[PDB]
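Read off the chains here:
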Amino acid sequence: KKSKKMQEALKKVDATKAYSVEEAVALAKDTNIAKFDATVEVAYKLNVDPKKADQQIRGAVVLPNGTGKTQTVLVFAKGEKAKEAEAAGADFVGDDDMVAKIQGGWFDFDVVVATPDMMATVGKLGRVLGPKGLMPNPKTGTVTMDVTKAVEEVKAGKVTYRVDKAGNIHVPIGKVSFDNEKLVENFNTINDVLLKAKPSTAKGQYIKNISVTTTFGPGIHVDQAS
Amino acid sequence: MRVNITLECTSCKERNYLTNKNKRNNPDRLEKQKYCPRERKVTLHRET
Amino acid sequence: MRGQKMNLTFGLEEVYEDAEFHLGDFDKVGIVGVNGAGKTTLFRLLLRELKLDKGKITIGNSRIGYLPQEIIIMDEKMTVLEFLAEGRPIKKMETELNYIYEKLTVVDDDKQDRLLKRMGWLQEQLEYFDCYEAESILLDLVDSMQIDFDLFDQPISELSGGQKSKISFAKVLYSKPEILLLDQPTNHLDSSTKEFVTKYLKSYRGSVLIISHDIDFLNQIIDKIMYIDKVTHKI
RNA sequence: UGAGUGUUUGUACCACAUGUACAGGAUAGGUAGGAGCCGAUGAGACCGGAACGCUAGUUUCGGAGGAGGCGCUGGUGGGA
Ligand SMILES: Nc1ncnc2c1ncn2[C@@H]1O[C@H](COP(=O)(O)OP(=O)(O)OP(=O)(O)O)[C@@H](O)[C@H]1O
Ligand SMILES: [Mg+2]
Ligand SMILES: [Zn+2]
């Protein structure tokens, strides 16, 4: 029913006790027995209910340490913005014509950023991207006047966070390879952006439960005060 | 049935005038072009 | 849903006089009254189409699925598929969103803030009304009332009264509502079709207000009955 | 003005089970991570029981036996 490794990690974890953030990062590094560079992801169960148009939140947050996995960058740009993409060193720079080839080609690029003007040409393709979630969004900022900032943020490891329907928003803070101290710093940045992201119409405690888990490791409640 | 009524200015929502109308003879809200002292010009006043 | 001191008088003939009502959530309310009692008018108040002369009518923020007593055919040439598709705001937002993209090219640094916000809401709203519905609707007809696909390409005005009621009823369900306001949902339906509607409404977990002159149909569904009095102008 | 029993109920954890529309390999709940994962602490395949079941199958229990499968990959789909 449960692997011996998971069972040992479960005994390590305290269901009753919500760890501090530092204890949680250390404990996750302990729990991920499987010998692969598993990521560490945290879930916040917000009080807000997405179905209300105001309540639903969608944003993108940069991490000073990064995700621990590099990210490919796709850019839709024209003229000076293409020049800026080249300066930024984006993996791919494309035009309205190359979007068709991008459909079915150069796939697996982590994220897309399109210039405002391009969005009109991009949107036709974006209908395909919509279900994929690749299409850029102004609120996340992936639509920008300058592509350089988006490229460097993507390189820096910017993570897009979108509240799930159930109301638990999950985000990877970093790789187990990153030191527990770096992982907790990523978590602190995530917590701050969420607090600022709390909508006005929201009421009551913002977060019902915060749980940290490695890819293999089980969920660990983390004290909100910590 | 004749009843007292108030004519409110559409432009400023001011209840400038009092009058009366027969409901049966004038089922719909009465509308008149009357001078609005606040705006100092003729405006459409509708019963409320 | 709550109404206090409700008053409404069209000309000389009055509908509500100091009427009041409180409906709890998750109540399959059966609205009953003689013709002209003001049952349809109540929904118009809930839908904010009408305004009470005096009093307060309180409605929850949840999305409402409204089934009009009369079919709304904006144009004679509208096809059944066009009529049903209009239930969801997918098409309307895309037309607005497409214009937003046009403005983005025209405007460089003036309206971008407003356009970007409008684009963001439309995308988030569009994803909220998941654009996969194009396939779901096609199969909602099959599972709902065995509505043949040949009708799907036919002008709606040419359908039969019973057929129109199925389309209108399906459109309400297609909208994926939170509160159901059904105004005579079985006006033209035959015996077989009525069976499906009854079973679905029995299972429907949410609140559903039903205006019906079919006592047996209501008895199988209704748990609370609201009577609109024609002489006392009360509820 | 305090002890109990039982019954009917409301709330809250905690366990359990359940997710079959079209296509889809077929019983696809959503999100995130995921290349790797699970099994002599008894895997695969086989057999009986029981449950669910939209009748297509799914879940679970046990008999023997003993070491295997699953994933990624691939195509489908809005979604693997
Ligand atoms: N704009 C209006 N002007 C004048 N009278 C009106 C107006 N609207 C409604 N009325 C009157 O309101 C009265 C009741 O309203 P309503 O149409 O909702 O009755 P109803 O119970 O829904 O009818 P039925 O049950 O037969 O479908 C009608 O008799 C109608 O004559
Ligand atoms: Mg009516
Ligand atoms: Zn005036």
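What counts and how
Residues numbered from 1 in each chain as written, not as in the entry; some residues may be left out. Chains lettered and ligands numbered in written order. Part of a larger assembly, values for the part shown. Heavy atoms only, no water. Contact = heavy atoms within 4.5 Å. Buried area = accessible area lost by both parts, 1.4 Å probe. Salt bridge = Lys/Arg side-chain N within 4 Å of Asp/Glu carboxyl O. Donors = N, O, S within 2.8 Å, 3.2 Å for Na, K, Ca; no water. Tetrahedral: all angles 85-135°; square planar, octahedral: opposite > 155°, others 65-115°. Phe/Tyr/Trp six-rings, centres within 6.5 Å; stacked < 30°, edge-to-face > 60°. Helix = DSSP H or I, 4+ residues; strand = E, 2+ residues; numbered from the N terminus. Buried < 20%, exposed > 50% of the residue type's maximum accessible area, 1.4 Å probe, protein only. Pairing = 2+ DSSP bridges. Axes fitted to C-alpha atoms, helices over the stretch in contact; angles between N-to-C directions. Near = heavy atom within 4 Å. Polar contact = N/O pair within 3.5 Å; in protein donor to acceptor, adjacent residues only side chain to side chain. Nonpolar A, V, L, I, M, F, W, Y, C, P; charged D, E, K, R; others polar. Patch = residues over 30% accessible without salt bridge, like charges linked within 9 Å, V, L, I, M, F, W, Y side chains within 5 Å. Areas by Shrake-Rupley, 256 points an atom, 1.4 Å probe, with all protein chains shown as cover. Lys, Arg positive; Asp, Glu negative; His and termini not counted. Charge placed at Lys NZ, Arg CZ, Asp CG, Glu CD.

The deposited coordinates for this entry were obtained by cryo-EM, with a reported resolution of 2.9 Å.

Chemist: So what's going on with the interface of chain C and chain A? Which residues, and what values?
Modeler: Taken together, the contact between chain C and chain A spans 15 residues of the former and 19 residues of the latter. Summed over both partners, the interface of chain C with chain A comes to about 1,400 Å²; 57% of that surface belongs to carbon and sulfur atoms. Among the residues of chain C in contact with chain A, C:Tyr101, C:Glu124 and C:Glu127 are the three that bury the most area, contributing 35% of the side total. Joining chain C to chain A, the criterion identifies two salt bridges. One salt bridge connects C:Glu127 with A:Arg58, and the closest N-O pair in it is separated by 3.3 Å.

Chemist: Residue-level account of the coordination of the zinc ion (ligand 3), with values.
Modeler: Residues and elements named next belong to chain B. Within the protein, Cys9 (SG), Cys12 (SG), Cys36 (SG) and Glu39 (OE) serve as the donor atoms for the zinc ion (ligand 3), at 1.8 to 2.3 Å. Classification of the site at the zinc ion (ligand 3) as tetrahedral follows from its four donor atoms and the range of 98 to 129° in their angles at the metal. Between consecutive donors of the zinc ion (ligand 3), the numbers of intervening residues give the motif C-x2-C-x23-C-x2-E.

Chemist: Tell me what's going on with the packing of aromatic side chains, and back it up with residues and numbers.
Modeler: All names here are of chain C. Using the criterion set out here, one finds six aromatic pairs over all chains in the structure. The interplanar angle of 90° and the centroid separation of 6.3 Å between the aromatic rings of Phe43 and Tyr66 together place this pair among those described as edge-to-face. Note that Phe43 is positioned in helix 1 (residues 39-46) and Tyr66 in strand 5 (residues 64-67), a separation of 23 residues in sequence. Note on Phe43: relative accessible area 0%, which makes it buried. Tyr66 sits in the partly exposed class, given a relative accessible area of 23%. Their ring planes at 70° and their centres at 4.6 Å tell us that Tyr128 and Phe129 sit as a pair that is edge-to-face.

Chemist: How would you explain the coordination of the magnesium ion (ligand 2) if you had to name every residue and give the values?
Modeler: Residues and elements named next belong to chain C. In this structure, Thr40 (OG1) and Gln69 (OE1) serve as the protein donors to the magnesium ion (ligand 2), at separations of 2.2 to 2.4 Å. You can see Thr40 sitting in helix 1 and its partner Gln69 sitting in the loop between strand 5 and helix 2 (80-85), a full 29 residues away along the chain. We classify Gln69 as partly exposed; its relative accessible area is 31%.

Chemist: Go over the sheet that holds strand 6 (residues 179-183) of chain C, please, and point to the residues and values.
Modeler: Pairing between the strands of a sheet is mediated by backbone hydrogen bonds and can be parallel or antiparallel. Residue and element names in this part refer to chain C. If you trace the five strands from one edge of the open sheet to the other, you get 5-6-7-3-8, paired in parallel fashion. Bordering the open sheet on either side are strand 5 and strand 8 (224-227), each of which pairs with just one other strand. Strand-to-strand twist of the sheet, defined as the mean angle between neighbouring strand axes without regard to direction, takes the value 15°. The sheet contacts of helix 7 (residues 191-203) involve strand 3 (28-32), strand 6 and strand 7 (207-211), and relative to strand 3 the element is tilted by about 130°.

Chemist: Before we move on, could you go through the protein's contact with RNA strand D and cite the residues and values that matter?
Modeler: Inspection of the region around RNA strand D gives 14 residues, with A:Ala34, A:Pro131, A:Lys165, A:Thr215 and C:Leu139 positioned closest. Here, RNA strand D places atoms within 4 Å of the protein, and 69% of those atoms are sugar or phosphate. At 3.2 Å from a phosphate oxygen of RNA strand D is found a side-chain nitrogen or oxygen belonging to A:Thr39. In the model, a sugar or linking oxygen of RNA strand D is placed 2.4 Å from a nitrogen or oxygen of the A:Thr215 side chain. For the surface near RNA strand D, the residue count by class is five nonpolar, four polar and five charged.

Chemist: An account of the sheet that holds strand 2 (residues 15-22) of chain B is needed here, citing residue identities and associated values.
Modeler: All names here are of chain B. The sheet built from four strands is open, its strands ordered 2-1-4-3 with antiparallel pairing. A strand with exactly one partner marks an edge of an open sheet, and here the two such strands are strand 2 and strand 3 (31-36). Each strand of the sheet is rotated relative to its neighbour by a mean of 40°, with strand direction disregarded. Bridge analysis of strand 1 (residues 2-9) against strand 2 gives seven bridges, and the strand direction is antiparallel. Looking at strand 2, one finds that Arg2 is bridged to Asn22.

Chemist: Account for a positive patch on the surface, with residues named and values stated.
Modeler: Residue and element names in this part refer to chain A. There is a patch of like positive charges on the surface, built from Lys51, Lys52, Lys198, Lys203 and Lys208. Of note, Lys198 is situated in the loop between helix 7 (180-197) and strand 8 (207-214). The partly exposed category is assigned to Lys198, whose relative accessible area is 32%.

Chemist: So what's going on with the side chain of C:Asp27? Which residues, and what values?
Modeler: Residue and element names in this part refer to chain C. Position of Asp27 among the secondary structure elements: in the loop between strand 2 (13-22) and strand 3. With a relative accessible area of 13%, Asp27 lands in the buried category. Engagement of the side chain of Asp27 in a polar contact is seen with the backbone nitrogen of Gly24, the distance being 3.1 Å. With sequence-adjacent residues up to four places away left out, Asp27 is seen in contact with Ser207, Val208, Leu209, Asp223 and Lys224.

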